[PDB]
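>>> Partial complex follows, first chain(s) only, in situ:
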Amino acid sequence: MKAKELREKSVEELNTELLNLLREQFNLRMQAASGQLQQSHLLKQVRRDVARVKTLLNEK
């Protein structure tokens, strides 16, 4: 997701997204448990996403 997408989303959409990404921000945490499908791309990307939307939320 890019800043352009988040700005287009509504106040509720950003909330459901932050929450969806929040719920999303759970699935991962399994490497130390011995996982594989865990991707390093979104590891760092997701934290930025929930943040990007968090920044625009205040910009509004």
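Structure received. Residues are numbered from 1 along each chain as shown, chains lettered A, B, ... in the order given.

>>> Now do the one helix or strand residue A:24 maps to: which elements does it pack against?
In the assignment (DSSP states H and E), residue A:24 maps to helix A:11-27. With contacts taken as 3 or more C-beta pairs under 8 Å, 6 or more residues apart in numbering; DSSP states H and E, helix A:11-27 sits against helix A:40-59. To be clear about C-beta, it is placed using only N, CA and C from the backbone, and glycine gets the same treatment.

>>> Identify each buried residue in the helix holding residue A:24, please.
Using 16 or more other C-beta atoms under 10 Å as the test for burial, helix A:11-27 gives A:14, A:17, A:18, A:21, A:25.

>>> Hey, what's the angle from that helix to helix A:40-59? Just curious.
Relative orientation of helix A:11-27 versus helix A:40-59 (axes from the mean of the first three to the mean of the last three C-alpha atoms, to 10 degrees): 150 degrees.

>>> extra chain here, label it chain B:
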Amino acid sequence: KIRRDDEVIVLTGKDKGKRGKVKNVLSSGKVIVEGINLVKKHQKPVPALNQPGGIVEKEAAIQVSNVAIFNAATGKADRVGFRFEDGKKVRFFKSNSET
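Below is chain B, added to the chains above:
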């Protein structure tokens, strides 16, 4: 200057007459062209110099002095490959003096 997106033509080395594209350019001045390779032990198509030893660099180690890109003079060389989105570079490419 020399770029990686260009084709070179040998003129001195035992690979004289071979054609190919520039693999990569090192800050050493040497240039490895797609073609000038060597036959390793287990016969693996990998460019490298001819000398005994353990671990040594790849590339056949060609020199810009014996190569042939766009030399403004009378030679035996012929056509050579060369960006376009620049626009201004297209004018020079169109001129029989530069590229």
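
>>> picking up where we left off before, neighbouring contacts of the helix holding residue A:24?
A:6, A:9, A:46, A:47, A:49, A:50, A:53, A:54, A:56, A:57, A:60 (C-beta atoms under 8 Å, 6 or more residues apart in numbering or on different chains).

>>> Swap in 10 Å and give it another go.
A:1, A:5-7, A:9-10, A:37-38, A:42, A:46-47, A:49-54, A:56-57, A:60 (C-beta atoms under 10 Å, 6 or more residues apart in numbering or on different chains).

>>> Then stretch B:53-64?
Residues contacting stretch B:53-64 (C-beta under 10 Å, 6+ apart): B:1-2, B:8, B:10, B:12-15, B:18, B:20, B:22-26, B:28-33, B:35-38, B:40, B:46-50.

>>> can you slot in RNA strand C too:
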RNA sequence: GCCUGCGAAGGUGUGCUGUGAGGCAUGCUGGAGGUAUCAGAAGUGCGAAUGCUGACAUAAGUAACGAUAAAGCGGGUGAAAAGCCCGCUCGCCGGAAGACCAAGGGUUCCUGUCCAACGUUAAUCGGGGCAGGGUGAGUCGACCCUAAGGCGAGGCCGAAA
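Now RNA strand C, sitting on the chains shown earlier:
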């Protein structure tokens, strides 16, 4: 106004010339630049401050390792074992080299793999090097408060920390 990778400056050895201070040449090497004339220039040409700094020789392969003075005989492992491990025998210490702790130090603890470095010998040993693991309390300690005493605020003093 000249020399140079048909090779210079520098260095080593050597030949020649000058009263000399030096110039110059050859061979080896070096292998990058280096001079002569006239002219100007420089923080300019040096062995002798219990001089300053770094390096080094002779001296020396000379001096030294001493109340808890205990090791020894077999065996095991190992390429090597007089001081790694096993058994036996022989001893040391007992307010003490025993047990539990403060301060302080601080992971140095444990396991595995090694040892180039450390252990005033060697080491397959280690409080050594490398990689992991270990210190799971409401009632333990911190956290809290206070004594001698101290600090900040108001009061009062050219001025003020």
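
>>> again for the contacts of helix A:11-27, since RNA strand C is there now?
A:1, A:5-7, A:9-10, A:37-38, A:42, A:46-47, A:49-54, A:56-57, A:60.

>>> Residue 53 - how many residues pack around it?
All of this refers to chain A. A count of nearby residues for residue A:53, using other C-beta atoms under 10 Å in any protein chain shown, gives 21.

>>> my question was about chain B
Residues near residue B:53, counting by other C-beta under 10 Å: 6.

>>> What does it show for phi and psi?
Main-chain dihedrals, residue B:53, degrees, to the nearest 10: phi 160, psi -180.

>>> do the same with residue B:77
Dihedral angles for residue B:77 - degrees, to the nearest 10 - are phi -60, psi 170.

>>> nearest residue to it other than its sequence neighbours?
residue B:68 (4.2 Å; C-beta to C-beta, 6 or more residues apart in numbering or on different chains).
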